[PDB]
Structures are given as structure tokens and as C-alpha cells.
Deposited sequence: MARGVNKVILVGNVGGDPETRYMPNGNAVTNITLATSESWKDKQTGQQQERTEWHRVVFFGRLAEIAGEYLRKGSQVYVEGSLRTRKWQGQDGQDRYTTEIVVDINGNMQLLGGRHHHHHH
């Protein structure tokens, strides 16, 4: 019994990087900036499945986007950890502007 939800509205940092799995499923990375206080926070968002395809085709540097997903910390050595907002079938993405 848990909940793990993240909601972001911000600007795409650089043009998305789309990659494809051995099974051919797209996965797309962006960085995403939100501002508070004025302070900029950078988020690593990774899209999977159909939304990865929509991300890489429609987002550019500067895009304002809404993003809904869940937090997962990815373990990767050479021991380091990247916390990412994972956007898949249980989440959402909407291009604004």
C-alpha cells in the first residue's frame, strides 16, 4: 500500500534524447527546470512506451510541459545513484504553450 506521484510543470532543458530498447520500445530522456522562491531546480525525466515517442517527437529545448510520474532512484556504478521522474503508462505528459 503506497503512493508515489510527482507532478512537474516546467521548461525542457535540452532537446530530448530518444533511445530504443532491444525489444524496440522507445525511452526518452529530458532535463526539466522548475523555479521557486528565484532558484532553478533541474529534474531528470525519463519517458517510456508511447509517451517516449510523443516526447521525442514534440518536445524541444525551451518547451513548457506538464509531467506526471513517479520517483525512482537508479543504481549505477562507474556506486552512484540517479533519482528520476519515470513517466510511463501510469503517468501523463502535456505540452503547453
property	result
Missing segments of the deposited chain sequence, listed N- to C-terminal	1-2, 40-49, 91-94, 114-121
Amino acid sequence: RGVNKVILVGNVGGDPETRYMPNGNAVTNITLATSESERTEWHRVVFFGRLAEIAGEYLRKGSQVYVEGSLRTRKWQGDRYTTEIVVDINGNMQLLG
From here on, numbers count along this sequence of modelled residues.
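Each form is matched to the other, and the largest set of C-alpha atoms that superpose within 1.5 Å is called the rigid core.
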| item | value |
| --- | --- |
| Of 85-93 and 17-25, which departs more from this form in 4 other deposited structures of this protein by CA RMS after core fitting | 17-25 |
| Stretch exceeding the other in mean C-alpha B-factor - 84-92, 16-24 | 16-24 |
| Comparing 46-54 with 62-70, the one whose average Cα B-factor in the PDB entry is higher | 46-54 |
